[PDB]
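Take 869 as the starting number for the sequence shown in UniProt numbering and just add one per residue.
All C-beta atoms, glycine included, are put in the ideal place defined by N, C-alpha and C.
Since the structure comes first, as structure tokens, the remarks are kept for the end.
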Amino acid sequence: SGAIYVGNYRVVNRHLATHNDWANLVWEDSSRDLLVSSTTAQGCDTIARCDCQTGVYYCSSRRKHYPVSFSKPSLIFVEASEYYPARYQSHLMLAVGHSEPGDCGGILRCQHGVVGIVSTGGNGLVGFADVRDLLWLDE
Ligand SMILES: COc1cccc(NC(=O)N2CCC[C@H](C(N)=O)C2)c1
Ligand SMILES: [Zn+2]
């Protein structure tokens, strides 16, 4: 679990969104596993606007943060789950690191701010949904 709070927005994995997220929907994209909902309180996360390929992510299944090198956002095949059929997930970045399903929502950050959130993994890999291209999050 986990979310990004920036201004009047809340960014979560689309597969973990709640009834309130869907009732205050701003935008959602099944192909990216992202959903943004509006909030009544103000968000203070800084979104990174960069092309960093190194950062640190929070891994809840270890209660630890890990440094990682990650790939640039791209279309990556993802196996079927109770949430989606087998498909290509866009804007996804992979890194070699530990992750378990409950780790989804953990933030990945570089020196410029929030890069994305954990969205896929397994086999010693961790995938992050990028949010750096969503320029409307700050305006
Ligand atoms: C987050 O780390 C892991 C490790 C092992 C397994 C997993 N499960 C997943 O990757 N998925 C299941 C939930 C939906 C995800 C999606 N974006 O389509 C796919 C995650
Ligand atoms: Zn950066």
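Task: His883 to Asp901 span [Cα, whole Å] - done: 7 angstroms
Open item on the list: Excluding the 5 residues flanking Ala963 on each side, which residues of the same chain have their C-beta closer than 6 angstroms to its C-beta?
Closed with: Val936, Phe938 and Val994
- [ ] Please check if any C-beta of chain C sits within less than 8 angstroms of the C-beta of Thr907.
- [x] The structure shown contains no chain C, having only a single protein chain.
- [ ] Run through the segment 874–921 for me and flag every whole beta strand (DSSP E) of 3 or more residues, listed as ranges in chain order.
- [x] 893–897 and 902–912
Open item on the list: Among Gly875, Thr914, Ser899 and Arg977, whose alpha-carbon lies nearest the alpha-carbon of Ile944?
Closed with: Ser899
- [ ] Find the nearest neighbour of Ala954 within the set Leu1002, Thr988 and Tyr877, judged by alpha-carbon distance.
- [x] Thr988
Open item on the list: I need the straight-line Cα distance from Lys932 to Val982, nearest angstrom please.
Closed with: 17 angstroms
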